[PDB]
Amino acid sequence: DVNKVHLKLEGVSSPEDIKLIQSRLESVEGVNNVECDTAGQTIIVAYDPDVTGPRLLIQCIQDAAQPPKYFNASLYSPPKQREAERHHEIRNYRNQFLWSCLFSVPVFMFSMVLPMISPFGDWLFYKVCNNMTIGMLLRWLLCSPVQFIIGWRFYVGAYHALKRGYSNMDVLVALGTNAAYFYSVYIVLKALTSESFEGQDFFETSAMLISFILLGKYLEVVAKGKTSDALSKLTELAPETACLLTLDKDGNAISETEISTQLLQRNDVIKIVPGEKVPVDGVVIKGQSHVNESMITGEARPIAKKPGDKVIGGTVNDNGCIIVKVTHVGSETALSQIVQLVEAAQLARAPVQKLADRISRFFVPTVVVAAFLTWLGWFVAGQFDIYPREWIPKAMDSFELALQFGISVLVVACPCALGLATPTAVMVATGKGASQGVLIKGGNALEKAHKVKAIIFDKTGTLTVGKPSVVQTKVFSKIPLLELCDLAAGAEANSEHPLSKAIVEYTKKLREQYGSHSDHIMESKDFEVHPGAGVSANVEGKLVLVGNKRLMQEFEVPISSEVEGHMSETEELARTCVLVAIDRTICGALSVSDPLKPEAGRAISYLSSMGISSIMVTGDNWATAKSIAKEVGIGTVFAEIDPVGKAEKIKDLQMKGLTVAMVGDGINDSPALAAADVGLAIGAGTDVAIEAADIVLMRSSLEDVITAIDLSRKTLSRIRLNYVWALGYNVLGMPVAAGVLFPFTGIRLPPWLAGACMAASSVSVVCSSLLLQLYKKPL
């Protein structure tokens with residue numbers, strides 16, 4: 001996408017379009033730089049949003065035409081083109097597989113199956129000349145398509161790679177596929193050279209090996225493609241709906257109209273009726289409206305949009321009429337910002353890949369030299385005839401068997417678990433993370449999180465909720481709860497502050513608990529603005545004095561023994577409380593508690609049994625944190641500790657060698673994440689979670705953590721198995737068909753068979769690394 005909209009003009013390459021636009025640009029204002037457009041392909045003049053953009057510039061380009069018909073321009077730039085490009089990649093590899101299969105399969109078929117039932121095998125044996133038959137010729141002819149045409153990638157893979165050295169997969173693939181066919185050419189040349197020469201040849205090896213390697217490559221890339229668009233859900237909140245509320249000079253009204261994102265630039269106002277999808281990243285000017293959204297968190301946020309509030313684009317209005325002006329472009333659109341994260345999802349670097357490539361530099365030259373030694377062994381042995389010669393297979397002698405066991409090693413070479421398995425597993429892990437709502441921004445984090453048995457936690461929406469919920473009214477003198485809600489609302493109706501707003505939240509809460517409007521709401525009399533001890537008010541004719549015991553003494557309200565009882569109850573768990581005196585007589589208290597993130601019973605009391613130890617170092621006061629620890633599990637607790645203390649303690653704990661992680665969201669909580677090995681964020685309300693972080697989660701429910709860590713460990717399960725499998729199947733079966741051993745104990749294995757022996761250990765590896773797909777969260 002570009003800020004110079006790529007608009008192709010009406011009239012199929014008609015220059016007068018450009019001439020008229022040039023005249024208009026000389027006429028109209030607002031352009032940053034009026035420059036040539038004939039040299040460019042579209043309107044390539046310099047401009048930017050806000051001062052100009054969709055509305056004004058579309059109007060100008062349209063009006064460039066002779067009135068009333070206009071050069072109708074809306075927008076033309078890649079809306080979402082990754083899908084098409086990746087689908088073309090899939091089609092390319094699909095086409096390569098299709099061609100490579102069609103020629104290869106008959107080639108394998110000819111000298112494998114036909115001799116068994118051979119009414120046609122004699123036709124193959126029908127000699128063209130002195131030992132050069134029809135079958136051999138046709139098989140040779142149908143071999144250039146395989147390596148000389150289709151497999152050229154391998155060559156271009158190796159061409160520069162071996163030009164200086166240090167090798168890779170390409171080297172072994174190239175040598176193994178080339179040697180068999182190239183020696184097969186020589187053997188058939190010597191076959192045609194005489195009439196007493198013996199047959200046997202090897203073409204099927206190369207075709208089969210190339211086909212299977214290409215199939216593996218196809219599976220790898222298609223899995224990359226599938227997991228790449230598995231981000232899906234994240235950016236598909238794409239709104240095209242819009243409105244234009246044309247206003248007069250005083251902004252009263254001119255005309256409301258339905259439009260699209262065609263003309264949406266900044267300073268564009270939209271009316272959002274209920275149900276209608278919100279336009280691209282607007283902000284409310286005036287109007288109170290309930291609207292729900294869920295963008296950087298997964299547990300949803302309902303907000304009563306006041307006259308001025310961030311109404312995120314692509315969301316759902318519940319109820320209300322609001323004027324929504326566009327004031328954001330580019331990255332400030334949350335969709336775009338988290339698309340920089342799906343772009344960051346395309347950014348990763350496996351640390352295990354380092355060890356993989358280090359192994360790759362020890363394997364290939366060593367295996368080549370070990371294979372080479374075999375030919376010298378058999379050759380020196382056969383030249384100086386110092387061993388018996390009566391088990392030599394018929395129609396053969398020295399130069400056959402020597403080079404045959406020589407070639408029989410570069411076809412049994414196993415590595416496909418060093419080139420395919422690890423990238424595939426790493427990518428599928430990220431795909432599953434995105435599936436469950438995790439953005440693992442780097443394989444480094446995935447590898448690091450494998451070995452952790454202790455984590456850090458924090459308040460402020462990581463183990464808590466927002467403003468605390470009122471939980472306990474003791475009702476000293478009998479006043480109905482809903483009547484208390486009405487009285488509290490009437491008293492709070494003046495001087496609205498977040499704690500008083502929380503009192504009104506308790507009001508509302510008990511209202512949905514009861515159901516239905518009650519009595520009447522009376523605005524406060526004798527109102528005194530003082531939240532230091534509680535405000536003075538008169539509601540329903542009753543002197544509602546909401547305020548602590550200090551206020552009860554201030555306004556001379558009777559004190560009962562239940563006052564001291566509830567004081568003791570408050571000091572038990574450090575609720576933070578306030579007294580409500582109706583008619584200047586205390587009618588119960590209004591105790592408030594801050595709810596935690598309430599799944600700890602299932603989550604933290606049980607992941608510890610799975611093998612972690614909860615370390616809770618946090619900012620809230622000593623009493624609050626010790627009570628939180630007293631609620632459920634968690635061991636050592638360090639309260640009254642500012643984010644700095646979290647930083648030092650985590651530093652020493654990681655230095656001791658436990659790789660302790662932290663779970664916490666907030667600007668102040670950020671350095672703790674930065675200094676720590678890996679981070680982990682439930683919800684992305686803080687911007688630093690979108691910034692440098694490791695295991696950013698879509699939702700805010702901490703259950704994800706379980707689903708996170710096990711998954712990582714589970715990944716490093718399968719990978720290790722593959723590193724065993726090779727270090728299994730590779731060296732206990734390679735020396736079988738590697739010569740050197742065989743002058744003591746016989747029994748054959750033919751060179752062609754290893755072609756379908758590397759094959760099995762080149763697909764099952766991918767199957768093991770792909771079975772990561774089927775997975776479920778434990779609890």
# chains A, B, ... in the order shown; residues from 1 in each chain; ligands from 1

$ residues_around --residues "residue 682 of chain A" --least-positions-apart "2" --cutoff "12 Å" --atoms "only C-alpha atoms" --output "ChimeraX atom specification"
/A:296-299,437-439,457-464,597,662-666,679-680,684-686,689-690,693-706,708

$ write_last_selection --atoms "C-alpha atoms" --output "mmCIF file, in the first residue's frame"
data_model
loop_
_atom_site.group_PDB
_atom_site.id
_atom_site.type_symbol
_atom_site.label_atom_id
_atom_site.label_comp_id
_atom_site.auth_asym_id
_atom_site.auth_seq_id
_atom_site.Cartn_x
_atom_site.Cartn_y
_atom_site.Cartn_z
ATOM 1 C CA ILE A 296 -6.076 -5.911 21.922
ATOM 2 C CA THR A 297 -7.864 -8.206 24.368
ATOM 3 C CA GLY A 298 -9.974 -11.316 23.963
ATOM 4 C CA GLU A 299 -12.347 -11.055 26.922
ATOM 5 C CA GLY A 437 -4.629 -16.605 20.300
ATOM 6 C CA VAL A 438 -0.874 -16.361 20.827
ATOM 7 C CA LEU A 439 1.630 -14.246 18.894
ATOM 8 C CA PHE A 457 2.956 -12.183 38.539
ATOM 9 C CA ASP A 458 1.509 -8.706 39.101
ATOM 10 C CA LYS A 459 -1.616 -6.670 39.909
ATOM 11 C CA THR A 460 -3.200 -4.039 37.635
ATOM 12 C CA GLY A 461 -5.163 -6.285 35.293
ATOM 13 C CA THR A 462 -2.880 -9.313 35.311
ATOM 14 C CA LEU A 463 -4.133 -10.974 38.489
ATOM 15 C CA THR A 464 -6.895 -8.438 39.124
ATOM 16 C CA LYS A 597 -8.444 -12.589 37.792
ATOM 17 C CA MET A 662 7.033 -12.767 34.346
ATOM 18 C CA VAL A 663 3.307 -12.300 33.730
ATOM 19 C CA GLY A 664 2.268 -8.657 33.925
ATOM 20 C CA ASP A 665 0.939 -5.802 31.799
ATOM 21 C CA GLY A 666 1.624 -2.103 32.263
ATOM 22 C CA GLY A 679 7.687 -12.268 28.907
ATOM 23 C CA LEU A 680 4.048 -13.282 28.858
ATOM 24 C CA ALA A 684 -2.428 -6.079 25.314
ATOM 25 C CA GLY A 685 -3.837 -2.949 26.936
ATOM 26 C CA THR A 686 -0.337 -1.621 27.548
ATOM 27 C CA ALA A 689 3.041 -5.707 25.068
ATOM 28 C CA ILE A 690 2.771 -4.837 21.372
ATOM 29 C CA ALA A 693 7.654 -9.081 24.180
ATOM 30 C CA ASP A 694 7.624 -12.828 23.640
ATOM 31 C CA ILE A 695 4.350 -14.671 24.266
ATOM 32 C CA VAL A 696 1.780 -11.905 23.690
ATOM 33 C CA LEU A 697 -1.700 -13.417 24.032
ATOM 34 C CA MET A 698 -4.900 -12.372 22.286
ATOM 35 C CA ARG A 699 -7.049 -12.844 25.392
ATOM 36 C CA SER A 700 -6.560 -11.721 28.993
ATOM 37 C CA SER A 701 -7.619 -14.952 30.703
ATOM 38 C CA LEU A 702 -4.486 -16.473 32.270
ATOM 39 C CA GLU A 703 -5.622 -20.032 31.388
ATOM 40 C CA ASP A 704 -3.777 -19.452 28.086
ATOM 41 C CA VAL A 705 -0.509 -19.646 30.056
ATOM 42 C CA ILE A 706 -1.023 -23.367 30.629
ATOM 43 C CA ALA A 708 1.173 -21.812 26.161
#

$ residues_around --residues "residue 365 of chain A" --least-positions-apart "6" --cutoff "10 Å" --atoms "only C-alpha atoms" --output "list in words"
residues 166, 167, 168, 171, 172 and 371 of chain A

$ write_last_selection --atoms "N, CA and C atoms" --output "compact mmCIF listing (two decimals), in the first residue's frame"
# COMPACT_ATOMS: atom_id res chain seq x y z
N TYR A 166 31.51 -24.76 2.44
CA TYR A 166 30.84 -24.87 3.73
C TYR A 166 29.54 -25.66 3.62
N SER A 167 29.10 -25.93 2.39
CA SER A 167 28.08 -26.93 2.07
C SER A 167 26.71 -26.72 2.71
N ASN A 168 25.74 -27.51 2.26
CA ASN A 168 24.41 -27.63 2.85
C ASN A 168 23.67 -28.77 2.16
N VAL A 171 24.19 -29.70 -1.57
CA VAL A 171 25.38 -30.43 -1.99
C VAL A 171 25.09 -31.92 -2.06
N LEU A 172 24.56 -32.47 -0.97
CA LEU A 172 24.33 -33.91 -0.91
C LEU A 172 23.23 -34.32 -1.87
N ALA A 371 32.12 -42.45 2.22
CA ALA A 371 31.69 -43.14 1.01
C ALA A 371 32.85 -43.37 0.06

$ select_by_dssp --residues "segment 353-475 of chain A" --states "strand (DSSP E or B)" --output "PyMOL selection string"
chain A and resi 438-440+454-456+464+469-472

$ closest_atom_pairs --of "segment 196-233 of chain A" --to "segment 69-83 of chain A" --cutoff "10 Å" --atoms "only C-alpha atoms" --output "JSON lines"
{"residue": "A:225", "atom": "CA", "partner": "A:83", "partner_atom": "CA", "distance": 8.9}
{"residue": "A:228", "atom": "CA", "partner": "A:83", "partner_atom": "CA", "distance": 9.5}
{"residue": "A:229", "atom": "CA", "partner": "A:83", "partner_atom": "CA", "distance": 7.7}

$ select_by_dssp --residues "segment 127-213 of chain A" --states "helix (DSSP H, G or I)" --output "ChimeraX atom specification"
/A:134-141,144-150,152-164,169-193,204-213

$ residues_around --residues "residue 146 of chain A" --least-positions-apart "3" --cutoff "10 Å" --atoms "only C-alpha atoms" --output "PDB file with C-alpha atoms, in the first residue's frame"
ATOM      1  CA  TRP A  99       5.255 -32.476 -14.338  1.00  0.00           C
ATOM      2  CA  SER A 100       7.772 -34.394 -12.230  1.00  0.00           C
ATOM      3  CA  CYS A 101       5.260 -37.144 -11.411  1.00  0.00           C
ATOM      4  CA  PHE A 103       7.438 -38.537 -16.439  1.00  0.00           C
ATOM      5  CA  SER A 104       8.846 -40.228 -13.333  1.00  0.00           C
ATOM      6  CA  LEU A 142      12.775 -40.109 -20.220  1.00  0.00           C
ATOM      7  CA  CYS A 143      15.453 -38.921 -17.791  1.00  0.00           C
ATOM      8  CA  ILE A 149      14.973 -29.556 -16.531  1.00  0.00           C
ATOM      9  CA  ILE A 150      12.851 -29.759 -13.384  1.00  0.00           C
ATOM     10  CA  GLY A 151      15.470 -30.233 -10.680  1.00  0.00           C
ATOM     11  CA  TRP A 152      17.581 -27.269 -11.770  1.00  0.00           C
ATOM     12  CA  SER A 206      17.106 -40.395  -9.593  1.00  0.00           C
ATOM     13  CA  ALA A 207      13.466 -40.006 -10.632  1.00  0.00           C
ATOM     14  CA  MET A 208      12.081 -41.450  -7.399  1.00  0.00           C
ATOM     15  CA  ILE A 210      13.714 -36.170  -6.981  1.00  0.00           C
ATOM     16  CA  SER A 211       9.959 -36.779  -6.840  1.00  0.00           C
TER      17      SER A 211
END

$ residues_around --residues "residue 730 of chain A" --least-positions-apart "6" --cutoff "10 Å" --atoms "only C-alpha atoms" --output "PyMOL selection string"
chain A and resi 412-415+724+758+761

$ closest_atom_pairs --of "segment 444-503 of chain A" --to "segment 333-352 of chain A" --cutoff "12 Å" --atoms "only C-alpha atoms" --output "tab-separated table"
residue	atom	partner	partner_atom	distance
A:444	CA	A:351	CA	5.7
A:445	CA	A:350	CA	9.2
A:446	CA	A:350	CA	8.8
A:447	CA	A:351	CA	7.3
A:448	CA	A:351	CA	9.3

$ write_last_selection --atoms "C-alpha atoms" --output "PDB file, in the first residue's frame"
ATOM      1  CA  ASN A 444      13.868 -17.631  20.519  1.00  0.00           C
ATOM      2  CA  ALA A 445      10.983 -17.235  22.960  1.00  0.00           C
ATOM      3  CA  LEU A 446       9.593 -20.665  22.081  1.00  0.00           C
ATOM      4  CA  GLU A 447      12.943 -22.339  22.744  1.00  0.00           C
ATOM      5  CA  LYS A 448      13.560 -20.340  25.927  1.00  0.00           C
TER       6      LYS A 448
END

$ residues_around --residues "segment 122-129 of chain A" --least-positions-apart "6" --cutoff "8 Å" --atoms "only C-alpha atoms" --output "PyMOL selection string"
chain A and resi 135-136+192

$ residues_around --residues "residue 289 of chain A" --least-positions-apart "6" --cutoff "10 Å" --atoms "only C-alpha atoms" --output "PyMOL selection string"
chain A and resi 272-274+303-307+317-322

$ closest_residue --among "A:157, A:431, A:743, A:534" --to "residue 555 of chain A" --atoms "only C-alpha atoms"
A:534

$ closest_residue --among "A:270, A:56, A:316, A:418" --to "residue 300 of chain A" --atoms "only C-alpha atoms"
A:316

$ residues_around --residues "segment 395-399 of chain A" --least-positions-apart "2" --cutoff "8 Å" --atoms "only C-alpha atoms" --output "ChimeraX atom specification"
/A:198,378-379,382-383,392-393,401-403

$ closest_residue --among "A:51, A:175, A:221, A:373" --to "residue 87 of chain A" --atoms "only C-alpha atoms"
A:221

$ closest_residue --among "A:224, A:266, A:656, A:290" --to "residue 330 of chain A" --atoms "only C-alpha atoms"
A:266
